[PDB]
Number of protein chains: 2
Amino acid sequence: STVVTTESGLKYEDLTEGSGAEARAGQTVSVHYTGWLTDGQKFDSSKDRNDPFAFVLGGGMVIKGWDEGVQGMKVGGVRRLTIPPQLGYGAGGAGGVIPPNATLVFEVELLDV
Amino acid sequence: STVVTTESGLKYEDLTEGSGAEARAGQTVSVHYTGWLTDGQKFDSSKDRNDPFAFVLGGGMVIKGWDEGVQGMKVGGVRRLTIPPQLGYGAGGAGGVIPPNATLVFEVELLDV
Ligand SMILES: C=CC[C@@H]1/C=C(\C)C[C@H](C)C[C@H](OC)[C@H]2O[C@@](O)(C(=O)C(=O)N3CCCC[C@H]3C(=O)O[C@H](/C(C)=C/[C@@H]3CC[C@@H](O)[C@H](OC)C3)[C@H](C)[C@@H](O)CC1=O)[C@H](C)C[C@@H]2OC
Ligand SMILES: C=CC[C@@H]1/C=C(\C)C[C@H](C)C[C@H](OC)[C@H]2O[C@@](O)(C(=O)C(=O)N3CCCC[C@H]3C(=O)O[C@H](/C(C)=C/[C@@H]3CC[C@@H](O)[C@H](OC)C3)[C@H](C)[C@@H](O)CC1=O)[C@H](C)C[C@@H]2OC
Ligand SMILES: [Ca+2]
Ligand SMILES: [Ca+2]
């Protein structure tokens, strides 16, 4: 599989190509995800909480790297997103668990569109 | 299991009580469903299309019997809704497949909240 670096500095890699319907901005999508810091510390997993995550793709409610990175996935696909801090939580960080200026690694599995 | 007739004339029956989180108005929920006319003709199944259905519970986008009937389900639950036409498609019917003045029977399985 390839690593694509977009104009924003986002990087993504389709670990598994989906065979089902394509995700586009406007759709309400459902995913499983895991999130890690670059040192390999896991900060979240929806699979561990047994709770698929739904959001409006392109809705401006999730971090920029997600609204961008999830577009183009197909249902069944697993995509790895490497999100620079300016497309994540920036200088501010989050919840005392994501530090300032953190690059974030997510693996995202698309369950439904 | 019991059959509850609500103030609106909706009837519902929890065929299977869910063990997980409760559905409330405001949440984006995901369900599988099958829909039948009272004569036993199936008009739709999201399971047959392999496509869970997401909607905003209480969002005024689905027929009245759904916005009402899905509230109170728990994740894992299967509820049967018997929807009189005034809480469904009324005198107008739908898609040439649901006739005028049709009572509708849905079985709804809650997958996520
Ligand atoms: C309002 C009540 C809580 C409400 C919570 C939910 C619906 C439950 C939902 C599963 C979130 C998780 O709850 C277990 C948990 O997910 C993380 O662990 C995580 O993996 C993460 O990073 N995710 C979640 C998956 C999508 C990407 C990213 C996100 O974009 O999340 C969004 C996020 C935090 C955006 C910030 C918002 C503030 C801005 O200032 C900032 O702009 C820089 C961007 C989340 C979805 C918000 O839209 C909505 C909420 O927050 C966060 C590390 C902390 C977060 O808990 C808060
Ligand atoms: C806009 C583009 C299409 C858009 C379609 C989708 C998102 C795909 C989604 C799976 C719908 C199904 O597509 C395969 C299909 O589901 C049925 O088969 C069905 O089982 C049904 O009855 N459902 C769907 C499940 C929730 C309850 C009910 C409904 O409330 O559905 C809603 C409905 C029709 C409401 C009418 C709207 C008009 C009002 O005038 C009327 O007020 C009386 C109420 C649907 C979800 C609308 O909100 C959105 C849409 O329609 C209909 C028999 C026909 C419908 O296809 C159209
Ligand atoms: Ca969920
Ligand atoms: Ca769907």
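Counting convention: from 1, in listed order, for ligands and their atoms alike. Numbers restart at 1 for each chain; the letters A, B, ... are given by sequence-line order, proteins then strands.
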Between B:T2 and B:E13, a side-chain donor and acceptor under 3.5 Å:
no

In terms of hydrophobic clusters joined by side-chain contacts under 4.5 Å, are A:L15 and A:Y12 together?
no

Report yes if the distance between the aromatic ring centroids of A:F106 and A:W66 is under 6.0 Å, otherwise no.
yes

Could B:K42 and B:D48 be called an ion pair, given the rule that one side-chain N must be under 4.0 Å from one carboxylate O?
yes

Considering non-hydrogen atoms only, spot the tightest contact between [X] and [Y] and give its length.
{"X": "B:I83", "Y": "B:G88", "value": "CG2-N, 3.9 Å"}
{"X": "B:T103", "Y": "B:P85", "value": "OG1-CD, 3.7 Å"}
{"X": "A:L87", "Y": "A:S8", "value": "CD1-OG, 3.3 Å"}

Heavy-atom cut-off of under 4.0 Å around ligand 1: list whichever protein residues fall inside it, by chain and number.
A:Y33, A:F43, A:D44, A:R49, A:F53, A:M61, A:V62, A:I63, A:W66, A:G88, A:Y89, A:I98, A:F106

Given salt bridge (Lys or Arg N to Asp or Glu O under 4.0 Å), test A:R49 with A:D44 step by step and report yes or no.
CA-CA 9 Å; A:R49 306 184 275 99; A:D44 198 352; 3.2 Å; yes

Atoms of type N, O or S from protein under 3.0 Å of the Ca ion (ligand 3), total 4

In sequence, state the C-alpha distance, the side-chain angles, and the governing distance for A:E107 and A:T34, and then conclude on side-chain hydrogen bond (donor to acceptor under 3.5 Å, both in side chains).
CA-CA 5 Å; A:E107 282 174 19; A:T34 311; over 6 Å; no

